[PDB]
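Here is the structure we will look at.
Every heavy atom of this structure was used, including side-chain atoms; hydrogens, water molecules and symmetry mates were not. Note that the numbering runs from 1 along the sequence shown for the chain.
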Amino acid sequence: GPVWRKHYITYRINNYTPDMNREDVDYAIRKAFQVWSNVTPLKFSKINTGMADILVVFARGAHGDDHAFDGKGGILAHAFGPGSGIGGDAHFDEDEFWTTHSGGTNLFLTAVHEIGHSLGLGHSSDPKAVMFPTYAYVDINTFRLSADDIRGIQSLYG
Ligand SMILES: CCN1/C(=C/C/C=C\C=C2/N(CCCCC(=O)NCCCOCCOCCOCCCNC(=O)[C@H](CCC(=O)O)NC(=O)[C@H](CCC(=O)O)NC(=O)[C@H](Cc3cc(-c4ccc(-c5cccc(Cl)c5)cc4)no3)CP(=O)(O)c3ccc(Br)cc3)c3ccc4c(S(=O)(=O)O)cc(S(=O)(=O)O)cc4c3C2(C)C)C(C)(C)c2c1ccc1c(S(=O)(=O)O)cc(S(=O)(=O)O)cc21
Ligand SMILES: [Br-]
Ligand SMILES: [Ca+2]
Ligand SMILES: [Ca+2]
Ligand SMILES: [Ca+2]
Ligand SMILES: [Zn+2]
Ligand SMILES: [Zn+2]
């Protein structure tokens, strides 16, 4: 499967969910990228305006890419694997209620999962792994990437 053929990868937050304050969204996404940068040689750089590899979008229902979202619950988000254009981009279902902690869908955790997909990872069968198909919550201070996630991502980048 595809991998980015560079280690310096940019992202841009196309739009901001009204569920959270902007600073919280920025922080959530930043920390999510940091998860993966902590165990690879990849470096991620935030762009406010202009060209970026990984676009982050909040949208609902059908939103232009042939993979419609399905309203509150069910599918929370999705992301395309490495490549130009839509490649890498990560979309979040706005019909979820995105949150800094629990009491909705935790953005940080979901973003960790999607960025995993953005980087070219598939799913784990290990429920401890962030790349497991279904969402779970833990506090960010308690969160750890599983050995399977680390094995996965290091198999692609190192
Ligand atoms: C039999 C079976 N079935 C059924 C049943 C039913 C039953 C019952 C009912 C009831 N009850 C009784 C009791 C119960 C209790 C409770 O509550 N419980 C619950 C319920 C049960 O159910 C069962 C089921 O199973 C279980 C399991 O589950 C789990 C959960 C899950 N999750 C999920 O899903 C999420 C969502 C959430 C929300 O909501 O929000 N999601 C997710 O996750 C997703 C999924 C996907 C898939 O698919 O896989 N995912 C996603 O999105 C992705 C993204 C992401 C990821 C993430 C993450 C991950 C991970 C993580 C982690 C890891 C590790 C660690 C940590 Cl810390 C973390 C993180 C994160 N993020 O993000 C996506 P992606 O991958 O990117 C993608 C995309 C795209 C593509 Br192409 C690719 C890829 C009862 C009782 C009681 C009651 C009451 S009272 O008052 O009495 O209390 C009341 C009531 S009411 O409502 O009336 O008021 C009620 C009640 C009750 C009841 C009734 C509820 C049913 C459901 C019926 C069914 C069945 C079967 C089948 C079926 C069908 S079919 O077709 O299949 O056949 C269908 C149907 S329908 O309806 O839909 O049509 C149905 C059914
Ligand atoms: Br997709
Ligand atoms: Ca949904
Ligand atoms: Ca892209
Ligand atoms: Ca929302
Ligand atoms: Zn989409
Ligand atoms: Zn997934």
Side-chain angles (χ1 to χ4, degrees), residues 1-17 19-47 52-58 67 69-70 72-83 87-158:
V3 300
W4 295 101
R5 48 78 196 165
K6 54 185 181 179
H7 288 177
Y8 190 96
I9 301 166
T10 60
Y11 70 97
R12 176 163 55 77
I13 300 175
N14 173 83
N15 69 295
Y16 285 80
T17 171
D19 302 349
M20 303 167 51
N21 84 65
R22 278 152 147 278
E23 306 94 89
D24 290 345
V25 170
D26 284 342
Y27 183 70
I29 301 299
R30 175 168 88 74
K31 296 301 285 207
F33 274 102
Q34 191 184 36
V35 163
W36 299 110
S37 63
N38 282 344
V39 298
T40 61
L42 300 180
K43 179 179 165 73
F44 298 106
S45 159
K46 184 180 185 282
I47 298 196
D53 292 306
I54 295 161
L55 192 74
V56 169
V57 179
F58 289 89
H67 296 269
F69 286 137
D70 59 352
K72 181 152 193 158
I75 298 286
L76 309 166
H78 61 217
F80 299 83
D89 289 354
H91 301 163
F92 298 83
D93 190 349
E94 187 58 82
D95 287 335
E96 324 309 337
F97 183 65
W98 301 102
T99 63
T100 56
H101 296 296
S102 48
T105 313
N106 188 257
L107 181 59
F108 167 73
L109 281 170
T110 308
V112 170
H113 181 99
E114 298 302 336
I115 291 165
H117 288 316
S118 293
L119 297 179
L121 296 176
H123 285 147
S124 174
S125 59
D126 186 344
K128 296 172 279 109
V130 79
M131 292 319 300
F132 193 73
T134 56
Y135 174 96
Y137 183 76
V138 302
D139 189 276
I140 178 163
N141 291 307
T142 297
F143 176 78
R144 147 189 182 178
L145 266 190
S146 73
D148 189 54
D149 300 308
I150 292 160
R151 176 212 56 80
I153 200 68
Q154 296 201 346
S155 69
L156 303 185
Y157 298 97

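Separating the CE atom in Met20 from the CG atom in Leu107 is a distance of 5.0 Å, to the nearest 0.5 Å. A distance of 11.0 Å separates CZ in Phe33 from NZ in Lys46, rounded to the nearest 0.5 Å. Between the OG1 atom of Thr110 and the CG atom of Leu76 there is a distance of 5.5 Å, given to the nearest 0.5 Å. The line from NE2 of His101 to CZ of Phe108 is 11.5 Å long, rounded to the nearest 0.5 Å. Between the CD1 atom of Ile13 and the CD1 atom of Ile29 there is a distance of 5.5 Å, given to the nearest 0.5 Å. Interatomic distance, NE2 of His113 versus OG1 of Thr134, reported as 9.0 Å (0.5 Å rounding).
Qualifying ring-ring contact (aromatic ring centres under 6.0 Å, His included) partners for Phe92, counting only residues two or more places apart in sequence or in other chains: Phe58, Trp98. Legend: residues meeting salt bridge (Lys or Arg N to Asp or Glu O under 4.0 Å) with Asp19, ordered by chain and number and at least two apart, are absent. Applying the side-chain contact (heavy atoms from CB on, under 4.5 Å) rule to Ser102 yields the partners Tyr137; only residues at least two apart in sequence or on another chain are considered. Residues satisfying the side-chain contact (heavy atoms from CB on, under 4.5 Å) test with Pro127, not counting sequence neighbours, are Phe132.
Looking at every heavy atom in both residues, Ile115 comes nearest to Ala32 through CD1-CB, 3.7 Å. Between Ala79 and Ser118 the shortest heavy-atom distance is CB-OG, 3.7 Å. Summarising the geometry of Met131 relative to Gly116, their closest heavy-atom pair is SD-CA, 3.9 Å, with the distance given to 0.1 Å. Nearest heavy atom pair, residue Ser124 against residue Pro133, reads O-CD, 3.4 Å. The minimum heavy-atom distance between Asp24 and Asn21, with the atom names listed, is OD2-ND2, 2.7 Å.
Remark: side-chain polar atoms of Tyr16 are not paired, donor with acceptor, to backbone N or O of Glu23 under 3.5 angstrom. The backbone N or O of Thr40 lies less than 3.5 Å from no partner atom in the side chain of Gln154, so there is not a single donor-acceptor pair. Without hydrogens or angle criteria, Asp53 side chain to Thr10 main chain gives a donor-acceptor distance under 3.5 Å. The closest donor-acceptor contact from the side chain of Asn106 to the backbone of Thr100 lies under 3.5 Å.
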Side chain to side chain contact (heavy atoms under 4.5 Å, CB included) between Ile9 and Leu119, intermediate numbers included: CA-CA 10 Å; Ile9 301 166; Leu119 297 179; 4.1 Å; yes
Test log, rule side chain to side chain contact (heavy atoms under 4.5 Å, CB included), inputs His78 and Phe69: CA-CA 9 Å; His78 61 217; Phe69 286 137; 3.5 Å; yes
Verdict with reasoning, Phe80 to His67, per side chain to side chain contact (heavy atoms under 4.5 Å, CB included): CA-CA 11 Å; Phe80 299 83; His67 296 269; 4.2 Å; yes
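Put simply, the side chain of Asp70 does not reach to within 4.5 Å of the side chain of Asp95, judged on heavy atoms. Looking at heavy atoms from C-beta onward, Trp36 lies in side-chain contact with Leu145 at the 4.5 angstrom threshold. Side chains of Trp4 and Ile54 form a contact here, defined as non-hydrogen atoms less than 4.5 Å apart. Side chains of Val25 and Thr17 form a contact here, defined as non-hydrogen atoms less than 4.5 Å apart.
Among residue pairs with one or both ends in residues 130-157, those qualifying as salt bridge (charged side-chain N to carboxylate O under 4.0 Å, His left out) are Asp148-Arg151; sequence neighbours excluded. Within the structure, salt bridge (charged side-chain N to carboxylate O under 4.0 Å, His left out) pairs that include any residue of residues 111-126 comprise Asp126-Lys128 (at least two apart or interchain).
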